[PDB]
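Notes follow the structure.
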């Protein structure tokens with residue numbers, strides 16, 4: 004509550020190649036979400052990586 008994000012990019016955004024980027028500023032905490040039709044945690048690979 005109260006805590007919210009806005010400025011996603013803070014270097015930690017480099018942990019996400021192909022996925023939503025959200026950085027909780029008030030609580031500096033990186034958090035990315037995968038898009039779709041992809042694999043991995045960072046979402047660097049697109050299918051063919053089960």
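In this note's numbering, the protein residues as written are 4 to 53. Quick reminder that beta carbons are idealized off the backbone N, C-alpha and C, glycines included.
Less than 8 Å between the beta carbons of residue i and residue j, yes or no?
i, j, result
"residue 11", "residue 22", "no"
"residue 43", "residue 51", "no"
Comparing alpha-carbon positions, which option in the options lies nearest residue i?
i, options, result
"residue 35", "52, 7, 42, 46", "46"
"residue 9", "53, 52, 48, 31", "31"
"residue 7", "14, 24, 29", "29"
"residue 33", "39, 41, 19", "19"
"residue 5", "48, 41, 27", "27"
Based on the DSSP output, what are the partners of residue i in its beta bridges?
i, result
"residue 34", "25"
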